[PDB]
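# A look at the structure
Read off the chains here:
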Amino acid sequence: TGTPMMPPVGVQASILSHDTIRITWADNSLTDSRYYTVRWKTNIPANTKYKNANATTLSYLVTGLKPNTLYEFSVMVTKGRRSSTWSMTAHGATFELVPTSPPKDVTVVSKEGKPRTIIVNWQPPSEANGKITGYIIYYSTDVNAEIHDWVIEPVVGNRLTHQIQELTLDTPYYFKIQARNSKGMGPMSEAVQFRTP
Ligand SMILES: O=S(=O)(O)OC[C@H]1O[C@@](COS(=O)(=O)O)(O[C@H]2O[C@H](COS(=O)(=O)O)[C@@H](OS(=O)(=O)O)[C@H](OS(=O)(=O)O)[C@H]2OS(=O)(=O)O)[C@@H](OS(=O)(=O)O)[C@@H]1OS(=O)(=O)O
Ligand SMILES: *[C@@H]1O[C@H](CO)[C@@H](O)[C@H](O)[C@H]1NC(C)=O
Ligand code: NA
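Per the PDB record, the structure was determined using X-ray crystallography to 3.20 Å resolution.

The next point concerns the coordination of the sodium ion (ligand 3). Protein-derived ligands of the sodium ion (ligand 3) are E96 (OE), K131 (O) and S182 (N), with the metal-ligand distances lying across 2.5 to 3.1 Å. Mapped onto the sequence, the residues coordinating the sodium ion (ligand 3) show the spacing E-x34-K-x50-S. One end of the pair, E96, is in the loop between β8 (90-93) and β9 (104-110); the other, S182, is in the loop between β14 (172-181) and β15 (184-188), with 86 residues separating them in the sequence. Residue classification places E96 among the buried residues on the basis of a relative accessible area of 17%.

Turning to the packing of aromatic side chains, a few remarks are in order. Under the definition given, this model contains seven aromatic pairs. Aromatic pair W25 and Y36: ring centres 5.2 Å apart, planes at 75°, arrangement edge-to-face. Judged by its relative accessible area of 5%, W25 is buried. Judged by centre distance (5.8 Å) and plane angle (25°), the rings of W40 and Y60 are stacked. One end of the pair, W40, is in strand β3 (residues 35-42); the other, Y60, is in strand β5 (residues 59-62), with 20 residues separating them in the sequence.

Another aspect to go through is the pattern of salt bridges. Enumeration over the complete set of coordinates arrives at four salt bridges. The partner of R34 in a salt bridge is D32, with the nearest N and O atoms 3.1 Å apart. Two residues, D170 and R195, come together in a salt bridge whose shortest N-O distance is 2.7 Å. Pair noted here: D170 is in the loop between β13 (161-164) and β14 and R195 is in strand β16 (residues 192-195), with a separation of 25 residues, a long-range link.

What counts and what doesn't
Residues numbered from 1 in each chain as written, not as in the entry; some residues may be left out. Chains lettered and ligands numbered in written order. Heavy atoms only, no water. Donors = N, O, S within 2.8 Å, 3.2 Å for Na, K, Ca; no water. Helix = DSSP H or I, 4+ residues; strand = E, 2+ residues; numbered from the N terminus. Buried < 20%, exposed > 50% of the residue type's maximum accessible area, 1.4 Å probe, protein only. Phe/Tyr/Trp six-rings, centres within 6.5 Å; stacked < 30°, edge-to-face > 60°. Salt bridge = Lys/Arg side-chain N within 4 Å of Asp/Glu carboxyl O.

If you want it as structure tokens, here you go:
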């Protein structure tokens, strides 16, 4: 007992998924009663509570993380009544994930002059889990029709407005929107009803 113990060296983060980052380290001061405690927290906001975990090996797999999120990691060694201060901090940002929220605040308005033309306006989804690459607008004269029967209107790029031309006058029309990121298409919005003049 010649207190205190040397904190871990060579702390490294390895990105595995949208929710998994693998932490490895080195223990120069090396079967006995000792154990490591891994701590992690989201880089932003500045003040956040740390999550902890015990590990007997010189590795720990941090699970259940937020997608497209940057985390701070540290390790410490605990042996009996002795302990090491926290190690050097390692950083890792989880992979992206398909959006898991639909585009929000969807609105449909007729184009000034041209009534067979409508302007769809929306907002990005909350749970976007990555950079929005684009959107897909679906529309029908039957809200009950299967998604494949609906008219497909791709919206290339992260624009929040789109124009649809050549539609039937004085007709109820229904509108759904879904978002896109590198990992695929996220959910669709609830159908919004708009009757043409
Ligand atoms: O001297 S005693 O055997 O009575 O135990 C007290 C402390 O010895 C240390 C080092 O201090 S010193 O020997 O008094 O100078 O043990 C730590 O280092 C040696 C090997 O390194 S050395 O400096 O080249 O001698 C290891 O073996 S041993 O001499 O203790 O038998 C230790 O490995 S072990 O984990 O104890 O099995 C090593 O301890 S540790 O990895 O740091 O926990 C003190 O530790 S130190 O000051 O942090 O380096 C010993 O305290 S202890 O709690 O009894 O281990
Ligand atoms: C680690 O185990 C120690 C007992 O060995 C306990 O005090 C501590 O709360 C455990 N931590 C976690 C997060 O499992
Ligand atoms: Na993306």
